[PDB]
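In what follows, a structure is listed as structure tokens, so that the remarks can point back to it.
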DNA sequence: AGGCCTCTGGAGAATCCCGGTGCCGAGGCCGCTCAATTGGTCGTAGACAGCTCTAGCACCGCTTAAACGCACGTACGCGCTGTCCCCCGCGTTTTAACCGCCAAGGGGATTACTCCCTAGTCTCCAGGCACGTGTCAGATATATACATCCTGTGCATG
DNA sequence: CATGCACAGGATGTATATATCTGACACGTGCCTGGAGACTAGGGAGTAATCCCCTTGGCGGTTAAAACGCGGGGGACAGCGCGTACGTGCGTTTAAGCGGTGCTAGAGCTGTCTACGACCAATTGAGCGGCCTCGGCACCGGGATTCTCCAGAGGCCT
Ligand SMILES: Nc1ncnc2c1ncn2[C@@H]1O[C@H](COP(=O)(O)OP(=O)(O)O)[C@@H](O)[C@H]1O
Ligand code: BEF
């Protein structure tokens, strides 16, 4: 006579999977035992960061008159912001270029 | 009927305490099981490193005709040696001072 | 009734009026008729005459017959690079009233030829096009795509034995009315690779791959009550079905009964024994010590002294098989790093280290005593270099062909050597590069320095000196190393032939070996083994010559084809 | 009639050739290059490679395998101090 | 319950001179001091802002040496001589 | 024989994308990079929380430790929005 | 009052007297040594944990410790530490 | 006479191009040979997956690029525009890598 | 007789040789303590500082500044000058990756 | 008679968009199953109230070393010129990567089966940790001998 | 006739050597809490046996970078001259630094009691392998627009 089952994610309103996060947190021996509130808190943060980066990536990709995102777009989106750049100060992205810039002294004279 | 107890450190021939290391490993939640062999190995390694540092520190101290070691001596011993300096690349020792060093260009002209 | 010659002449004139270079042979005329019938019925087909029977002239006659009726059209011919000049010369010789061009060269030259000789509008002056594989592969998409190819001839068909081959995919861009696929060895190592040619030629029939796989049984089930005689019954039924489903699409003819005027040939194996120098390397390699063959302090208080500790006052199995094969071929292939750019060792030292080289040196001296000429084959160029250096030291003449020699240089040397006035007597060839197509009738002896994994490759190489136009008996010597890994590979190789003999007919605790392989050939036996008298053609009415030497003996063994 | 001199190949480290170094420099934003950098760059690169190959080999050895794999290189890089995305 | 203001001026020039000498400098320009004071303030802000966060979590009201030594270790520099 | 399955965040990342740019798509390489990013962030946060809990001799992990770890790691403005999102999620979850 | 706190004080002194018979140490140096030992121990254990985790193992055995040392200590120090560990473990079993 | 640009013009044009593309710059086969050579010293008869070689390449290339970028600033500091070895040595020394 | 006076630059070398031998602390106590107290007042209003933490903070600050000046001095010699200027500090901090 | 130049005024060379066919990687669809859910105990970390009692935060006074302003020289920083070698740009060829293609077989993953190390309880007892004293290194005071930095005649101009 | 080297003394700033006298550092006890013998279940982990993938060695051909060589302009170094902005000293001031007392406030222990979170069985369906099908991109080929680079005329002079 058990009622219809509803996933915890649906109950909380998030998109990421609560159960998988809880399982990983337990089996990873990060602590002796895990409270009931942590996975819900963690999933929201992960979702927020993912959406934050994807919005800028999509804007940059659209600006170039193209439909599908590719790593160059991620590089441009990340390195043009002063906060995401500080968070990822040590990470390297495969097949990403570099921001274009030239020292002012090297440019030719006005003539 | 009980035989007289002998400490594990005595049987292994080391000086450091084997039991305490074993207790620390289990309570530290590094893994759910600990083998019977690891503590002896770890204690031996720690003892060797401590002896290595102290031998150089003592030599440094006796040079200045002192008798008891003080932090300056440890600083000199660590920074003069090659491998130890690389190992302690990001460590600051309280009241250590710095090694004597002057750039050659600043010295007075020989004339 | 008219004689055979007169009837052949009249029929040739009726069917091939433009052909004037020379008369066709009877079976060639029959093949021409077969091709004409196949074309009339609108069905493709393979031609698989044995090597050296003159397929090129038959194809040329068929083409002349086609154009003889005014059906001008764009014709394409593809062949290996080394043979193009031969195709051009044959056309120039037999049918002087036809034009052809060798569409090969750099991009600019190809564009020049396209603009000059290949007008967009077909006409009677349109020449035949000849090309290699790579050129036809690169330019298929954007140049050759723009023609209505009337007829296509793909020489050396066995190059398409892989269904995943890229070349087999590029050709789909072209649209071709009919295909013809010449070859000399239709049946490769395993049955699957045979389906590719049939699928390419007749897609409307041999569609399903799994059906072709399942149509023949190779289960080898135990001889149970119902299977005791099935071992032979099923085999016979399968062979009969295969022949019956292959009869209408293939033409095959054999030398042994078509050209009885041609002298025969024999294949001979001769063994050699390893030297102590090679045994040393073998032992070191087995123990993983070849490189080695070529190759604490206490501080005060009793503690070990750390190395380079400052003392100053403070104040103030991975590749064993290939290694063994290299060792068996010649020791010097190894240790290629010790001397770097420096010279090869002294001439005399090279001979003393390799058994096979010693045997070859012993064998060569006698052949020159009777004015014979020999061809030497190999697979590894670095091995060719050592022989070249040795012969240059001895001061003999040499000619060489391989992948690093340009087209014009290849062509010049063949013509020079074919000259009767040439005094050259040694010719070197790479197996893959020069083994196909070319004609070297001048020589009458072939030597195989090593054996390939695939037996079919060797068969092509042997026939380069035994074809129409030959006038003397031919001997083939294959060298091998006694009691070594060489035997394993050679034994495995012949295992693949049994399937060919089963499928294709001739028309449409020391063992005994341990007592023979080890034995080196003595000088007295060697000087006796060179007799070729029995292979000569008997005069009419005379009895056959007796066998010159027994089938097998110490250090040598004749090979008899399966039949 | 080839002469008695063996074939020889350039040393492996010489494979990295001058135009490649120039191309690398341009991406950095360099306008003029001196003549001696081509001997410093190779020395720097050879030193850099060992500090990663050693750790990769040690990780492979511990697992009792005989073939290196991508995860070993990624772990070595991450431990050394540099993180790499796109290969996990 | 008093208030504090403008204490950054307390890093007198001779102190900066003495610090420089230990580093091996011989001759010093006139504009260094203003840059050095700003650099020092920027450095201190980050360590203090993490020590406070560590303390407040445990609900204590007094900062202790263990919090400071913990804070430094997170920024890649370790200190020996006060705890572990 | 296909038993060796693999788990990843591909589906969820794809789901989030459609909420911001409905008509856009993403290639495989970008998907792999995005997948790798999430693991790194999760590992950092969990690792920090683990040692934060032990420092006080407490045994369990609760939302408080996660909140403090997030406040410590993320720099500048990102901390405030993340904390607000987390609290807004948990409060809604509890009431139902 | 008087709630005990644990440290490595005695063993450092024992080793010192074993090396240099007549030398002594002030308290400040003792504190530095006490911190250094803990730091090295933590580094080694932390490395060993993940090294074991990567391979789906559950236990921590001497092999993990031996592998971990070769990654941390640079060059020369690696050899002698491994030698000492092997010697100690070998002697322990036969006792 | 034939058209001929003044010195320095082509370098800027190359810079403005190579900063727009993401492809690899070093040739593959020589790099693979070098990687195989170096590793063989530590242990014999190893085998490499292709993706490992690719990872090593893309890891080293982005390190060399950054090193060259940090070097250029030092040259401008001394009133020059050319790079010289002392610049690389100083940059590495300050970075703390040696 | 003129009042005996050394030539410029001599006393600097004596100071360098002297201060590199001792291990004292170079900044005053009370000014540094007041500076530390002032900054923390922004994050919380009534913090209570244990007497030991201030020493650790002072040690860390001195150890950082000494290394920064040492690197600046090397950066200065590169241009053939001998006096350090703000450009050198800015370049050093840019290279180290802090800015 | 002769400059020094803007300002064209072309002339040549490099990206740049614009339209037209080909192609294979992304997006749904389907089938299957193993990993979250839902109820239920059971023992426990962890709030919560009530007590000690250590130290950090003030206040006062007093000696007295560091700060803080000047007023001189001087040696370094900066700019302007010349000279000369070296790096860039552009033409001819030669050399080796890229694929394409032949073969073979080592080592990576699974799936069963069995056993010998580790966990978790009990006793039992001795090794390490606060309190307690007692000397003697090392921090200061003083006399001074020695080493080091600086300028003023000396020589040689000739 | 305004230079470049050699010495003289002669004032200062270190390291000698001898004598006083603290207050840490070393050593003893007396307990306890935590380590050390026996005993008992369980299940990771070691060890065969086996597929099927993916790696390792070599030849053929092309063709677009790679190597050489040559001209010539400009950037890297020496040199010299000018003029500040620092570096030794000497008085005058100001604030650390030491040495004692009071207080509370807030950090540590101790004893309860309860809501929370591990474990087990029985359920489904949300999440993963395969497999087609088509458009976003990917060539091509051809006409624009930008941008350098050098020669001649005449401002305004000399
Ligand atoms: N009818 C002929 N008259 C003269 N020579 C002929 C004739 N037919 C064939 N040949 C010879 O056959 C030789 C090779 O031709 P061919 O058999 O077709 O080569 P392959 O079969 O190996 O591809 C040629 O040298 C040619 O001289
Ligand atoms: F085409 Be034939 F084999 F020359």
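Every residue, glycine as well, gets a Cβ built from its backbone with ideal geometry; the counts of neighbours run over all protein chains shown. Numbers and lists here come from the model and the stated rules, or from a named source; none is laboratory data.
In the stretch G:25-58, the residue that is nearest to the other protein chains (Cβ to nearest Cβ) out of those that are outside any helix (DSSP H, G or I) and surrounded by 14 or more Cβ atoms within 10 Å (Cβ to Cβ) is G:25.
Residue-by-condition table, conditions (1) farther than 19 Å from residue A:70 by Cβ; (2) near DNA strand K (Cβ under 9 Å from one of its atoms); (3) in contact with a helix residue (DSSP H, G or I) (Cβ under 7 Å, 6 or more places away or on another chain):
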| position | (1), (2), (3) |
| --- | --- |
| F:1 | yes, yes, no |
| F:6 | yes, yes, no |
| F:13 | no, no, yes |
| F:17 | no, no, yes |
| F:27 | no, yes, no |
| F:33 | no, no, yes |
| F:36 | no, no, no |
| F:39 | yes, no, no |
| F:42 | yes, no, yes |
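Here the helices (runs of 4 or more DSSP H) wholly within the stretch D:18-88 that include at least 3 residues being under 30 Å from residue H:73 (Cβ atoms) and within 7 Å of chain H (Cβ to nearest Cβ) are D:18-28, D:37-62. In the stretch C:146-179, the residue that is farthest from the other protein chains (Cβ to nearest Cβ) out of those that are assigned to a strand (DSSP E or B) and away from DNA strand J (no atom under 15 Å from the Cβ) is C:151. For the stretch A:42-58, check the following and say yes or no: at least one residue is in a loop (DSSP other than H, G, I, E, B), surrounded by 16 or more Cβ atoms within 10 Å (Cβ to Cβ), within 9 Å of chain F (Cβ to nearest Cβ) and in contact with a strand residue (DSSP E or B) (Cβ under 6 Å, 6 or more places away or on another chain). So far as the stretch A:42-58 goes, no, none of its residues is in a loop (DSSP other than H, G, I, E, B), surrounded by 16 or more Cβ atoms within 10 Å (Cβ to Cβ), within 9 Å of chain F (Cβ to nearest Cβ) and in contact with a strand residue (DSSP E or B) (Cβ under 6 Å, 6 or more places away or on another chain). Only one entry of I:18, I:37, I:94 meets the criterion of being facing chain E (nearest Cβ under 9 Å), over 16 Å from residue E:24 (Cα atoms) and assigned to a helix (DSSP H, G or I), and that entry is I:37. Of all residues in the stretch C:451-469, those being within 16 Å of DNA strand K (Cβ to nearest atom), assigned to a loop (DSSP other than H, G, I, E, B) and buried (at least 19 other Cβ atoms within 10 Å of the Cβ) number 1. Here H:42, H:68 are screened, and the one residue that is surrounded by 12 or more Cβ atoms within 10 Å (Cβ to Cβ), facing another protein chain (nearest Cβ under 8 Å) and over 20 Å from the mean Cα position of the chain (by Cα) is H:42. Here the stretch A:1-16 is the region considered, the condition is being more than 7 Å from every other protein chain (Cβ to nearest Cβ) and surrounded by 12 or more Cβ atoms within 10 Å (Cβ to Cβ), and the residue that is nearest to DNA strand K (Cβ to nearest atom) is A:9.
Residue C:163: more than 16 Å from DNA strand K (Cβ to nearest atom), under 21 Å from residue C:36 (Cα atoms) and within 32 Å of the chain's Cα centre (by Cα), yes or no? Spelling it out, it is not the case that residue C:163 is more than 16 Å from DNA strand K (Cβ to nearest atom), under 21 Å from residue C:36 (Cα atoms) and within 32 Å of the chain's Cα centre (by Cα). When the residues of the stretch A:67-95 are filtered to those that are under 23 Å from residue H:71 (Cβ atoms) and facing chain D (nearest Cβ under 9 Å), the one that is surrounded by the most Cβ atoms within 10 Å (Cβ to Cβ) is A:93. Within the stretch I:74-90, the residues that satisfy the criterion of being facing chain E (nearest Cβ under 7 Å) and surrounded by fewer than 20 Cβ atoms within 10 Å (Cβ to Cβ) are I:82, I:83, I:85, I:86. Residues of the stretch C:5-33 being more than 25 Å from the chain's Cα centre (by Cα) and closer than 16 Å to residue C:153 by Cα, which ones? Matches in the stretch C:5-33: C:32 only. Note on the stretch B:18-36: residues that are facing chain G (nearest Cβ under 7 Å) and closer than 30 Å to residue C:299 by Cα amount to 0. Among the residues of the stretch C:385-417, those that are more than 14 Å from chain D (Cβ to nearest Cβ), surrounded by 14 or more Cβ atoms within 10 Å (Cβ to Cβ) and either within 20 Å of residue C:460 (Cβ to Cβ) or more than 16 Å from DNA strand J (Cβ to nearest atom) (or both) comprise C:401, C:410, C:411, C:414, C:417. For residue F:75, the conditions (1) facing chain A (nearest Cβ under 7 Å); (2) within 16 Å of residue A:43 (Cα to Cα); (3) not in a helix (DSSP H, G or I) all hold with the exception of (2). Contact map, the stretch C:50-69: first residue assigned by TED's automatic domain parsing to the domain that holds residue C:508, second residue within 12 Å of ligand 2 (Cβ to nearest atom) and part of a helix (DSSP H, G or I), Cβ cut-off under 9 Å, separation 6 or more or different chains; the map is empty.
The criterion of being more than 16 Å from ligand 1 (Cβ to nearest atom) and not in a helix (DSSP H, G or I) does not hold for residue F:86. Taken over the stretch C:504-517, the criterion of being assigned to a loop (DSSP other than H, G, I, E, B) and either over 20 Å from residue C:267 (Cα atoms) or within 27 Å of the chain's Cα centre (by Cα) (or both) is satisfied by C:504, C:505, C:506, C:507, C:508, C:509, C:510, C:511, C:512.
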